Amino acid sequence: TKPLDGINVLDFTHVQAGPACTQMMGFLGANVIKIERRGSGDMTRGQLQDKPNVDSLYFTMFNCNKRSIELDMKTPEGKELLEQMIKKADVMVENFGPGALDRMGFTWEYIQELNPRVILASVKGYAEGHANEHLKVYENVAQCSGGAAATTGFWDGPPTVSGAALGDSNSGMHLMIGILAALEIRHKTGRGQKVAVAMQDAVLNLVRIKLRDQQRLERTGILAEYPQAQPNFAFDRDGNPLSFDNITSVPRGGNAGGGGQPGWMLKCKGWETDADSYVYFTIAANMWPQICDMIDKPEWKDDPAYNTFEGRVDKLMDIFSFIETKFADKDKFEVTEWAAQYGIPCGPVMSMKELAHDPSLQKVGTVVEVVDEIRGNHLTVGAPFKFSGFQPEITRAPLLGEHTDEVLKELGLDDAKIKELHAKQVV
């Protein structure tokens, strides 16, 4: 058995955040019924298709392990169908605008009346009660709102967005925590709850380490592990020096260590013509003797200018520069294997091509080839949590309205009324 076997999810979600949540629930066994707007469905279907009139990879990689029903929710018959489905649901998931579901005729209070056991889960841009609770928020705007853009990139460059979906997929995974937590209390109370995750808040949770830094900066005036702490190292575009003398908000640290020990992104053989020929190399305070052996600087072992974190603050970027010279004739895997001999945390920048075809990720079920006879097989990311008792079974994303009749039959409707709903264009 799987964790969410027998959990019925009434899934209103579209785009990335909501759909990621419900897909992952589906991977863990949930019965996910995706309600799609009649005639068009989820906008991801037609976004950046790789083959004309075939559902895009955007759609398929976020909508496996779901069934699709088309529904016109503006009709009295549509609202009536939702009421019956709400009565069979364990969780309702949505990412409509604020109030949208109330305006559709389904307030939390009316939903509780229909089903006291149902959990209502929502993805929002900003938290309810926020000054911006009504603003529309998409991926990169959430990254900007939550502190990530401000603290990502370089001191002499702009705020920069992460390639990782810190806004969308991250909010969906956070909502899944919320939903699962609500299921856990329901075993105690026998009652459903409303749970909501704001995209700003999900981002902020991941930038907790930068709120640490903001407070440290306020309290002490310096962040010793940042490149800017090195005297005369960091400069802006115009050549003005950037030191903590005048920094009042956590700055961009380039490739600094963050919540890790100090580190940097170092070039390996081929970097000029291969964008991903780098390693991340860490200088852990308890590994200085090992590093010194590796780079043949035994004279740095007993020197206090080199052998403590504090001693290294004025020169750490120089040290990285020197270490980097040792990698000039080695590729990133050779360097990783070499550092690993020393027990030094160091690893390659994996290219997306490398990840897509990596046998290890397919062995452990993290990159999964989905069987799709209609569209052709494709890769997706599987469950990142591995369990002793089960494996997800990932099945292809649904065609638009593919399971409409199937779902209506399960609601106990006979063929006559199904015909009529189709005839009436409710479904």
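Start at 1 and count along the sequence shown; that's the residue number.
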Using only C-alpha atoms and the B-factors in the entry, which stretch averages higher, 377 to 385 or 48 to 56?
48 to 56
Per the PDB record, is the mean Cα temperature factor higher over 108 to 116 or over 133 to 141?
108 to 116
Selection from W338, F309, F96, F281 [criterion: highest C-alpha temperature factor in the record]
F96
Sort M176, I295, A89, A198 by C-alpha B-factor from the entry and give me just the highest.
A89
State the tercile, meaning the lowest, middle or highest third, of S40 with respect to the CA B-factors recorded for its chain.
highest
For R252, does the deposited CA B-factor place it in the lowest, middle or highest third of the chain?
lowest
In terms of its chain's C-alpha B-factors, the third that includes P262 is the lowest
By the recorded C-alpha temperature factor, relative to the other modelled residues in its chain, which third is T75 in?
highest
Going by the CA temperature factor in the PDB record, which third of the chain does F27 belong to: lowest, middle or highest?
middle
